[PDB]
Amino acid sequence: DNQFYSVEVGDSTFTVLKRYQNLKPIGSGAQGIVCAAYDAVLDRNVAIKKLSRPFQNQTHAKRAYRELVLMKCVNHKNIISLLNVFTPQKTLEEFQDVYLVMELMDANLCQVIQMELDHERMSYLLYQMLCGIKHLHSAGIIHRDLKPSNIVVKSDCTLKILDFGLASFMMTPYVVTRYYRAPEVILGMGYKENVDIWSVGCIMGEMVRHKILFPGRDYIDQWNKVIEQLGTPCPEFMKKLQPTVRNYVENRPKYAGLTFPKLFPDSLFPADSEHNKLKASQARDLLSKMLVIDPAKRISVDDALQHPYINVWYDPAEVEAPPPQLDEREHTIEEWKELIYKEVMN
Ligand SMILES: Cc1sc(C(=O)NC2COC2)cc1-n1cc(NC(=O)Nc2c(F)cccc2Cl)cn1
């Protein structure tokens, strides 16, 4: 008789529509807790994400509102699409949580990165990330925070990006992962679409090396790892930095940088047959063109899709699609609560 029922999944209580049965924990990040469930109405398995009090603070509220609005806009096989959105609370006064429902995937890209992948699967996963980023860019969305935990895949190698990136203080224990951010984000520099190509390079490099390329406690250690491996950037890049940051960057020790065959040796690639030897040199070539500090010299998404390691998956039906407003204002808890509540109640 009650439209909703509640079940305990670890430390989180999930109050969901009775169509969703056999809820089980699968993962969790920071914005919310996630469960697998059987949807008895659609006769299919789904993933349910709980957003607890999204209006509680500016950081939570801006992301919750933006991702609800943008999700209804974008329509791409490599970008998340919601099956349902609901709240168990009946009024704005009582409104507390938002539940988002999507197709159930099998793993996040962090799990995939740990496995040895042949060139067929590695290049197909990179092709799909580039198709998804291309669709985001066509909709006027430049991501800037693409990372493995926000990318999901199924057993058949299909892939979907879960979030829309950057729009600051948080009193929670969870710290954000900054290892995939481009130099232009690390150094507050101004950016174009190919800021996301740096993140694809970091992901690709980690798939090969099975270790994060540019780790660090904060941007200080992270920038050191970038220059130690790729080398000190050109003076043309140095002239585009803001004066205070430019002084910091030009006063670090000078690094020549390691060659891409040295950063990614043949030992890390399946290099047995002539077919695989060519694919490994093509994979290194693409890494060489994405992991470029200066965005004026870094490869674009469209040119990355045309790279010989990627273009073996090209097809006009999914590379291109028909494109389609613009929100970014500060609000009180009450105003954010009503903006998110109105979006949940279409
Ligand atoms: C990372 C893993 S692991 C795994 C698994 O164990 N599958 C086996 C097969 O039966 C159990 C499934 C997934 N998976 C995660 C999502 N979605 C979100 O993380 N967020 C998310 C959401 F849920 C709902 C809406 C929005 C967002 Cl953004 C989808 N699939």
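The sequence shown lines up with residues 45 to 211, 217 to 373, 379 to 400 when you count with the deposited numbering. Note that CB positions come from ideal geometry on N, CA and C, so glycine has one too.
### Task
Verify whether the separation of the beta carbon atoms of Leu170 and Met253 is less than 9 Å.
Yes, the Cβ-Cβ distance between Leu170 and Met253 is below 9 Å.
### Query
So does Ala80 have its beta carbon nearer than 8 Å to some heavy atom of ligand 1?
At least one heavy atom of ligand 1 sits closer than 8 Å to the Cβ of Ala80.
### Query
Helix, strand or coil: which one does DSSP assign to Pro132?
Reduced to three states, the DSSP call for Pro132 is coil.
### Query
Does DSSP put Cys117 in a helix, a strand or coil?
It is helical.
### Task
On the DSSP bridge assignment, give the partners of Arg88 in chain order.
In DSSP, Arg88 forms a bridge with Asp83.
### Query
Secondary structure at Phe58, three-state DSSP: helix, strand or coil?
Correct three-state label for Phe58: strand.
### Query
Exposed or buried, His179, counting other C-beta atoms within 10 Å across all chains shown (16 or more means buried)?
By the neighbour-count rule (16 or more Cβ atoms within 10 Å), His179 is buried.
### Message
Does the beta-carbon of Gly176, which I'm using as the reference point, lie nearer than 8 Å to any heavy atom of ligand 1?
### Response
No - ligand 1 has no heavy atom lying nearer than 8 Å to the Cβ of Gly176.
### Query
Considering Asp352, what are the terminal residues of the alpha helix (DSSP H) in which it resides?
Unbroken alpha helix (DSSP H) run through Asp352: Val350 to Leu354.
### Query
CB of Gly254 to nearest heavy atom of ligand 1: below 8 Å?
No; taking the cut-off as 8 Å, the Cβ of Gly254 has no heavy atom of ligand 1 nearer than that.
### Task
Please confirm if the segment 346 to 358 is in contact with the segment 78 to 98, defined as three or more CB-CB distances below 8 Å between the two stretches.
Two segments are said to touch when three or more pairs of C-beta atoms, one from each, lie closer than 8 Å; by this definition the segment 346 to 358 does not touch the segment 78 to 98.
### Query
How far does the alpha helix (DSSP H) with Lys274 in it reach, from first residue to last?
Segment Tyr268 to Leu279, the alpha helix (DSSP H) holding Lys274.
### Query
Cβ-heavy atom distance between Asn152 and ligand 1 below 8 Å?
Placement of the Cβ of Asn152 at a distance of less than 8 Å from at least one heavy atom of ligand 1 is found.
### Message
So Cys117 and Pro371 are supposed to be a Cβ contact under 8 Å. How far apart are they, rounded?
### Response
Between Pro371 and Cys117 the Cβ distance is about 12 Å, and since that is not below 8 Å, they are no contact.
### Task
Give a yes or no on contact between the segment 236 to 256 and the segment 328 to 343, applying the rule of three or more CB pairs nearer than 8 Å.
Contact holds between the segment 236 to 256 and the segment 328 to 343, because three or more Cβ pairs, one in each stretch, are under 8 Å apart.
### Query
Which of helix, strand or coil does DSSP assign to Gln140?
Note: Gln140 maps to coil in three-state DSSP.
### Message
Can you tell me whether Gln291 is helix, strand or coil according to DSSP?
### Response
In this structure, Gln291 counts as coil in the three-state DSSP scheme.
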